Amino acid sequence: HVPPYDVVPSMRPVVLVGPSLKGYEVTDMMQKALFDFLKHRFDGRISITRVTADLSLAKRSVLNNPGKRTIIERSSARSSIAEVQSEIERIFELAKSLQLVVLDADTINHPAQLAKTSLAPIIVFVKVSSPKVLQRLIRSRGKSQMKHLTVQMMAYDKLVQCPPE
Amino acid sequence: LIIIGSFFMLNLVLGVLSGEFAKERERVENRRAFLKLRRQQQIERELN
């Protein structure tokens, strides 16, 4: 019973997807460049907010109130879903101020991870044209990234396999 | 004697060599090597 209307923030939030796993050096500079640009050129009308916690657990048709209080000692009450649920509406209040807001979420690495929720954000794709360039770009950082390079290829190839629509 | 046997012959040699080089360039192996070089150069540009 999907309602014909859904509640979304007034101003569309902007989310940048890693060309590869966020929290790693190459991607981190890839989004910090955009963050510094939006901050500097567009000062006074755009607010930058960082979501350290998760944001992929935004559900609306699970239960009336899962873990309403922290004293219930429930499995869901002491879990992290309470803070993530509280993260949802602050985006709404920042949107109601007409000021453009971005989301620096370090967990979402695919558009489908944050597509069925009620945020409905603007997703920006930063990608390298070829994985051959990406491999040497990762190599340029140093020996530290050599260990996670292997898992860092799949975060790129699975993401680019996503349709561009 | 000079005109016929030294300038005309040089022109013939240059023409034949240029034709041979042009035919050699479009061979399969040279084409593959050039494609490899071009792809590497595109990779270096994107990397830069």
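Here every chain is numbered from 1 following its written sequence, which may not line up with the entry's numbers; residues without coordinates are dropped from view. Naming scheme: in the order in which they are written, chains are lettered from A and ligands are numbered from 1. Reported quantities concern only the chains on display, which constitute a fraction of a larger assembly. Side-chain metrics in this entry use all non-hydrogen atoms of the structure; hydrogen atoms and water are not considered.

Engineer: Please give an account of the overall build of chain A that cites residues and values.
Structural biologist: A helix here means a DSSP run of H or I that spans at least four residues, while a strand means a run of E at least two residues long, and both kinds are numbered starting from the N terminus. Along chain A, the regular secondary structure elements total four helices and four strands. Element order for chain A, N to C, with α for helix and β for strand: β-α-β-α-β-β-α-α. Split by element, the accessible area of chain A, about 10900 Å² in all, is 55% carbon and sulfur. Counting rule for charge: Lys and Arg are taken as positive, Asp and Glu as negative, and neither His nor the chain ends is counted. Charge positions are represented by NZ for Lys, CZ for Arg, CG for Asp and CD for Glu. Once the 24 positive and 15 negative side-chain charges of chain A are each reduced to a mean point, those two points are 5 Å apart. What sets the accessible areas is the Shrake-Rupley method with a 1.4 Å probe; for residues, cover comes only from the shown protein chains.

Engineer: Explain unusual backbone geometry residue by residue, including any values.
Structural biologist: All names here are of chain A. Backbone geometry places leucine 98, a non-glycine residue, at a positive phi of 70°. Inspection of the secondary structure puts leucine 98 in the loop between α2 (81-96) and β3 (100-103). By relative accessible area, which is 61% here, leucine 98 ends up exposed. A positive phi is found at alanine 120, a non-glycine position, where the angle reads about 50°. Here's how the labels work: a residue is buried when its accessible area is under 20% of the maximum for its type, exposed when over 50%, partly exposed in between, all with a 1.4 Å probe on protein chains only. Judged by relative accessible area, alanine 120 falls into the partly exposed class, the value being 34%.

Engineer: Break down the interface of chain A and chain B for me, citing the residues and quoting the values.
Structural biologist: On the chain B side, the residues contacting the six residues of chain A number five residues. Between chain A and chain B the total buried area reaches about 520 Å² when both faces are included, carbon and sulfur atoms providing 61% of it. The term salt bridge refers to a pairing of a side-chain nitrogen on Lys or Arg with a carboxyl oxygen on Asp or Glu at a separation within 4 Å. Taken together, the connections running from chain A to chain B amount to one salt bridge. For B:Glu44, the salt bridge goes to A:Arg136, with nearest N and O atoms at 2.8 Å. Counted as a polar contact is a pair of N or O atoms within 3.5 Å, where, for protein atoms, one must be capable of donating a hydrogen and the other of accepting one, and residues adjacent in sequence contribute only when both atoms are in side chains. Viewed at the interface, chain B and chain A are joined by three residue pairs in polar contact. Two residues qualify as a contact provided that any one of their heavy atoms is within 4.5 Å of a heavy atom in the partner residue. Once two parts are brought into contact, the accessible area they lose, counted with a 1.4 Å probe and summed over both, makes up the buried area.

Engineer: Could you give me a rundown of the environment of B:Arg32, with the residues and numbers involved?
Structural biologist: Residue and element names in this part refer to chain B. Relative to the elements of secondary structure, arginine 32 occurs in helix α2 (residues 28-47). Take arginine 32: its relative accessible area is 52%, and that puts it in the exposed class. For the pair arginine 32 and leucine 47, spaced 15 residues apart in sequence, the C-alpha separation works out to 22 Å.

Engineer: Can you explain the sheet that holds strand β2 (residues 46-49) of chain A? Please cite residues and give values.
Structural biologist: All names here are of chain A. Note: two strands are recorded as paired if DSSP finds a minimum of 2 bridges between them. The strand order across the open sheet formed by four strands is β2-β3-β1-β4, and the pairing between neighbours is parallel. Single-partner strands in this sheet number two, and they are β2 and β4 (122-125). On average, each strand axis in the sheet is inclined to that of its neighbour by 25°, with strand direction left out of account. Examined bridge by bridge, β2 and β3 share four bridges and lie parallel to one another. Bridge pairing in β3 places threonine 49 opposite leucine 103. Only the contacting stretch of a helix is used when fitting its axis, a line to C-alpha atoms as for every element, and angles between N-to-C directions run 0 to 180 degrees.

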